[PDB]
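The structure under discussion appears below in the form of structure tokens.
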Amino acid sequence: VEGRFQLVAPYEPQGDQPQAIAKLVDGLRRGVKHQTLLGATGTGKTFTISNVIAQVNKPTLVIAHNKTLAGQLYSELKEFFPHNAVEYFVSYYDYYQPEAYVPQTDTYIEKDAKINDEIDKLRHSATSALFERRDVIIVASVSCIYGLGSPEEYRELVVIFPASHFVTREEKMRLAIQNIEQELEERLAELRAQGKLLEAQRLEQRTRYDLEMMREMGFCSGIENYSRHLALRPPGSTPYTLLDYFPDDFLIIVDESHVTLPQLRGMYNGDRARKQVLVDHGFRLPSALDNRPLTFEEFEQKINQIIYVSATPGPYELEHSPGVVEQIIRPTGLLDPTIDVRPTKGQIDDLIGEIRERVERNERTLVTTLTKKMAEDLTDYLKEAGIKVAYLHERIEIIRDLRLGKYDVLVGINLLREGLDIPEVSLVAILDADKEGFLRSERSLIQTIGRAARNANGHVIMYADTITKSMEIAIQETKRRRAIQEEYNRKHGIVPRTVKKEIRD
DNA sequence: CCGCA
């Protein structure tokens, strides 16, 4: 035929993974814009989604919120399909300090960037493999909404492949520079005519120096700021991005959508706010604003067919989706934990009671508390009762020590950080379940409750004086989820057992 | 997490 996906993995889809793959692979072909996978912390997800890719045969973009997370999605995917195109398009700066300017302290910070080649390599390999074959999975960070050169001009200038994504022809360069001088003479009159003589001197000096640099030696530092003039697109243009280097029938998989979609949304507003101060003071031309990441409007506007993957799918996902695609049943047959809501009335005494019993049956406990000194005031309080305890303000080793048994309890505050799916954790205690907050949001609770779903004796305790709506939802949702899981195990004769794992040195 | 010496 041409190019197509070859799944590799020593297991078929079990759980309700098949049900989900069907419902998704369908909605895609059935011509559905958005789709939300509502899988449970500890189900198929990656395998489920790998299958949705290897049936529809589309070039896919996997967008993760953080890099560690992208590195695993890739790692796996570049092992799930060891004979296909799997790419890693993320930021390529070991260190980066954008050109800024603190107006109060009159502090112009300069641009300081430390490139990393190994990642730069992978970025070209992503954009170049995207034009060569039509079976490709690119695991991307949020840098995929940031600016890149027009994709026609990319391949429309190719022998074997360009070593830069922003390669502007020299008939253009000549015309562009003139357009820059012309903008400069305009801004300078505007500034100078509103009394901002100082700010016009700053601008004239920086821009003329760059303009010369360009004329002399084809480019200059901070060349980015002139990107639009160089691409000779009119003011206000929407940047070309990695999304544009994809076919029109490409797939988007936003992993951890409830945290990724917003991150991806916010980017633009942060950039503009800094650029605007530079523009306002003469550090830059107004056109520097057209060198930027996409607005979320522009991002959704470039989407072909997207699939939001989340245990706690956020508002946006649901609002623009035909219900969801639940994926509750775990291959292990494990259930969402059982939750108990108990008085704060001498809770710290009670909590020490339950933790004894966990140590007795060789089991671990995680505790979240709403504040940093509240936790410190617990860690000691548990040491008071002689209990091997930890605390989270190398770090991968303290959790590794937990699983091994150095510590019996691990106190924290945001247990939501990655690295806390210990299968040894039989108890998760949520202090201040009712005291409003982010970590006591309907979704934050549900995630934290999830930190009990690895162990077959998982149990959640919520310490509160009142039941909030938040509590009530997570509690009611978890109930429904355990009920469904428990009814499936009856049917398939499953007896849930903790997922066997170990740790290395 | 982002960023065209």
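In chain A, numbers come from Swiss-Prot; the residues present are 2-160, 243-476, 483-594, in order.
Per the header: X-ray crystallography, 3.3 Å.
Note that Cβ sites are derived from N, Cα and C of the backbone, with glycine treated the same way.
According to Swiss-Prot, the features are:
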BINDING   A:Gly40, A:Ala41, A:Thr42, A:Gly43, A:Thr44, A:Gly45, A:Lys46, A:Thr47  ATP binding site
MOTIF     A:93-116  motif 'Beta-hairpin'
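Each of the binding-site residues A:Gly43, A:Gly45 was scored by the other Cβ atoms within 10 Å of its Cβ; the lowest score goes to A:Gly43.
Figure note: comparing Cβ neighbours within 10 Å for the binding-site residues A:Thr42, A:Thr44, A:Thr47, the maximum is reached by A:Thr44. Note that 6 residues are not built between A:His476 and A:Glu483; their Cα atoms stand 13 Å apart. Beyond the ends of the motif 'Beta-hairpin' (A:93-116), by six or more residues, the same chain brings 124, 304-305, 357, 360-361, 364, 366 to within a C-beta distance below 8 angstroms of the stretch.
Counting neighbouring Cβ atoms within 10 Å of each of the binding-site residues (A:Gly40, A:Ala41, A:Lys46), the lowest count belongs to A:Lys46. Across the range of the motif 'Beta-hairpin' (A:93-116), the DSSP-based residue counts are 0 helix, 15 strand, 9 coil. Other than the site residues A:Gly40, A:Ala41, A:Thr42, A:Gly43, A:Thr44, A:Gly45, A:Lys46, A:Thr47, same-chain residues with C-beta atoms no more than 8 angstroms from the centre of those residues' C-beta atoms, the ATP site, are A:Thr49, A:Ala394, A:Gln410, A:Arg413.
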